[PDB]
Amino acid sequence: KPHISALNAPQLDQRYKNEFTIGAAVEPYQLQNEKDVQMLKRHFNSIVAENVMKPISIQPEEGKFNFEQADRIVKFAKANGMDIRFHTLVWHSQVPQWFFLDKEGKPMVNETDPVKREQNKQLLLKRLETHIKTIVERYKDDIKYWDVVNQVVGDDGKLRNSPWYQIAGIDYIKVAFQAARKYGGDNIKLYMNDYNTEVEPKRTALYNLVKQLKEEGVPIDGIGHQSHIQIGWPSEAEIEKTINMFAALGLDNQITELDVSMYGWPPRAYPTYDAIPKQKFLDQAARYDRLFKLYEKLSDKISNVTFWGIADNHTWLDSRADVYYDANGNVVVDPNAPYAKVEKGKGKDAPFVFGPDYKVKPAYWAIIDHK
Ligand SMILES: O[C@@H]1[C@@H](O)[C@H](O[C@@H]2CO[C@@H](O[C@@H]3CO[C@@H](O[C@@H]4CO[C@@H](O[C@@H]5CO[C@@H](O)[C@H](O)[C@H]5O)[C@H](O)[C@H]4O)[C@H](O)[C@H]3O)[C@H](O)[C@H]2O)OC[C@H]1O
Ligand SMILES: [Cl-]
Ligand SMILES: [Cl-]
Ligand SMILES: [Cl-]
Ligand SMILES: [Zn+2]
Ligand SMILES: [Zn+2]
Ligand SMILES: [Zn+2]
Ligand SMILES: [Zn+2]
Ligand SMILES: [Zn+2]
Ligand SMILES: [Zn+2]
Ligand SMILES: [Zn+2]
Ligand SMILES: [Zn+2]
Ligand SMILES: [Zn+2]
């Protein structure tokens, strides 16, 4: 099956249109890149901001709101009949730090006096409410799906002990969802989003958290499974079990940040795309074949599958593609093997079904057929 230009291959959204939308994460510069635009128009019917809707992009100083970059995604989406997802209202990752400073500019995590800690809690929660309010009041008629909180459960199975949690405890999660529902109304759909949702003890900690929150009337419509996965891990059986277990709570599932890395963890990458052997693309294609067959089997529990980029020329996985060199300067990709130094984030991953030249990969054929 040939390595033809994606730009006029059979449309990926159309293949799956009764099963789930097919989305892509974008940067605004891609909306001014001819090829990226034609890719979005041709293959996708859902869109998400990779970065420009994060808290630090939207409100980098209190009261200073930058909607200009988000607005461009929204406009493009509306003009092309795409669903939009909002990524994300609340996250621990370089939030703007002003959220977590007390009335004197001191970090709130340092306060020892209980009455002052409680005032800080209330103050952070008010700030959270205003951030959400302002965003949802602006986009509630345009944006259907919302990542309300991101990565709030730790890999150890405990609530992630971020400044949100240290200052406000569990109420930050409750307040985030209540606020989104209050200002956005009943027709926006609210998600909790996380990675390694398939993995214990995180998976059961997430299930227990969401079950409790719903029992308490906190409005949560679904779970976003970031799905930053590998060729051989996690298994399809474990993916299946995860999806089924949340759907049994009455939750929607979205696959929100799908990519299939060529590597393991910590990754030992090839230094360029050219160096990735052909067989890796075939192993990737068989993985995508199995994965999309599974998503199709569960299509009544999954409303969306979104890739965390467009084509292999741009992927955040490159920032993790560390290149290992032996003493003679040869590249090392075997996870156990000797090496002398590492160049962090300098290699090249290849995670999508579309190549860096915008031609289809063997993974594309694996998911566009009906076998
Ligand atoms: O442009 C960039 C943006 O794209 C970027 O977007 C955000 C990045 O993605 C989301 O967060 C990251 C998800 O991946 C996590 O790493 C995990 C760590 O755990 C590993 O688990 C192991 C895998 O191998 C097994 O065998 C082992 O037993 C497991 O424990 C897993 O492989 C990794 O993927 C990162 O820590 C997260 O940050 C986020 O929501 C997107 O918004 O943001 C930055 C920007 O520069
Ligand atoms: Cl190349
Ligand atoms: Cl398939
Ligand atoms: Cl990126
Ligand atoms: Zn389309
Ligand atoms: Zn379409
Ligand atoms: Zn090449
Ligand atoms: Zn090259
Ligand atoms: Zn569906
Ligand atoms: Zn990017
Ligand atoms: Zn190529
Ligand atoms: Zn090519
Ligand atoms: Zn197939």
Side-chain angles (χ1 to χ4, degrees), residues 54-56 59 86-102 107-133 135-136 145-184 188-226 242 245-246 248-254 256:
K54 286 166 183 180
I56 203 162
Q59 203 186 175
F86 194 92
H87 181 73
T88 170
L89 295 172
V90 182
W91 197 23
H92 68 280
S93 199
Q94 345 128 298
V95 214
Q97 175 46 57
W98 66 259
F99 273 110
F100 311 118
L101 301 181
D102 66 15
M108 300 174 157
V109 293
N110 303 156
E111 185 51 51
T112 57
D113 174 351
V115 39
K116 279 147 90 103
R117 280 195 75 75
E118 176 68 10
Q119 293 165 337
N120 283 341
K121 166 178 180 171
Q122 291 313 317
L123 180 64
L124 179 58
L125 290 179
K126 190 141 122 142
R127 281 165 176 176
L128 175 56
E129 186 184 14
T130 302
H131 181 82
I132 293 179
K133 168 177 182 300
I135 296 160
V136 167
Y145 300 106
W146 292 76
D147 292 345
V148 181
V149 303
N150 196 40
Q151 289 172 16
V152 299
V153 179
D155 289 317
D156 62 359
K158 268 63 93 57
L159 285 165
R160 184 179 292 275
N161 195 40
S162 63
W164 291 108
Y165 185 67
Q166 286 170 60
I167 299 160
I170 194 180
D171 284 342
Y172 87 93
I173 293 167
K174 299 188 191 218
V175 158
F177 281 95
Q178 288 293 15
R181 175 70 67 230
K182 177 176 183 179
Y183 301 111
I188 60 168
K189 303 290 172 182
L190 312 180
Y191 297 72
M192 180 173 296
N193 194 54
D194 223 323
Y195 68 89
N196 284 189
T197 54
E198 315 81 7
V199 182
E200 306 286 0
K202 189 182 220 169
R203 176 169 63 196
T204 297
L206 222 16
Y207 177 93
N208 290 161
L209 171 65
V210 158
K211 183 206 232 303
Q212 177 198 322
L213 296 174
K214 288 171 73 68
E215 280 165 350
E216 293 177 350
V218 180
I220 305 172
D221 300 305
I223 304 281
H225 304 275
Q226 291 176 9
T242 307
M245 95 169 59
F246 292 101
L249 297 175
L251 294 169
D252 184 42
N253 297 270
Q254 300 188 321
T256 53

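In what follows, residues are counted from 1 in the order of the sequence shown. Just so you know, these numbers use all the heavy atoms, side chains as well, and skip hydrogens, waters and symmetry mates.
Taking CD of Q166 as the start and CG of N110 as the end, the distance is 9.5 Å to the nearest 0.5 Å. Between the CG atom in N196 and the CD atom in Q151 there is a gap of 9.5 Å [rounded to 0.5 Å]. A distance of 11.5 Å separates CG in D113 from CD in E118, rounded to the nearest 0.5 Å. The structure places OH of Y191 at 13.5 Å from CG of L89, a figure rounded to the nearest 0.5 Å. How far CG of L249 is from CG of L213: 11.0 Å, rounded to the nearest 0.5 Å. Atom CD1 in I167 sits 5.5 Å away from atom CG in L124 (nearest 0.5 Å).
In terms of heavy-atom proximity, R127 sits nearest to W98 at NH1-O, 3.2 Å. Counting all heavy atoms, side chain and backbone alike, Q226 lies closest to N150 at NE2-OD1, 2.9 Å. Considering every non-hydrogen atom in both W91 and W164, the closest pair reads O-NE1, 3.2 Å. Minimum interatomic distance between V95 and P55 (heavy atoms only, all atoms of both residues): CG1-CB, 4.1 Å. In terms of heavy atoms, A205 sits closest to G157 at CB-O, 3.3 Å. The two atoms that bring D155 and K202 nearest to each other are OD1-NZ, 2.8 Å, heavy atoms only.
Here the side chains of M192 and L251 are not in contact, with every heavy-atom distance at 4.5 Å or above. Annotation: side chain of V210 is in contact with side chain of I223 (closest heavy-atom distance under 4.5 Å). With a 4.5 Å cut-off on side-chain heavy atoms, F99 and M108 do not count as touching. Proximity of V152 to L209: side-chain heavy atoms (C-beta onward) are separated by under 4.5 Å at one or more points. At a threshold of 4.5 Å between non-hydrogen side-chain atoms, the residues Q254 and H225 do not count as touching.
Residue pairs meeting the side-chain hydrogen bond (donor to acceptor under 3.5 Å, both in side chains) criterion with at least one partner in residues 205-215, sequence neighbours excluded, do not occur; the list is empty.
Defined by atom type and a distance below 3.5 Å, a donor-acceptor pair is missing between the side-chain atoms of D102 and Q119.
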(request) I would like to know whether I132 and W146 meet side chain to side chain contact (heavy atoms under 4.5 Å, CB included); could you show each step before the answer? (result) CA-CA 11 Å; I132 293 179; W146 292 76; over 6 Å; no
(request) Given side chain to side chain contact (heavy atoms under 4.5 Å, CB included), test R203 with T197 step by step and report yes or no. (result) CA-CA 5 Å; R203 176 169 63 196; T197 54; 5.9 Å; no
Pair up each side-chain donor or acceptor in residues 169-181 with any protein partner under 3.5 Å, not counting sequence neighbours, and list the distances.
from: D171; atom 1: OD2; to: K121; atom 2: NZ; distance (Å): 2.8
from: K174; atom 1: NZ; to: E216; atom 2: OE1; distance (Å): 2.1
from: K174; atom 1: NZ; to: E216; atom 2: OE2; distance (Å): 3.3
from: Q178; atom 1: NE2; to: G217; atom 2: O; distance (Å): 3.4
from: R181; atom 1: NH1; to: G185; atom 2: O; distance (Å): 2.9
from: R181; atom 1: NH1; to: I188; atom 2: O; distance (Å): 2.8
from: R181; atom 1: NH2; to: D221; atom 2: OD2; distance (Å): 2.8

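Shown here are the side chain to side chain contact (heavy atoms under 4.5 Å, CB included) partners of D156, two or more places apart in sequence or in another chain: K158.
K182 contributes no side-chain N or O that, together with a main-chain N or O of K133, makes up a donor-acceptor pair within less than 3.5 Å.
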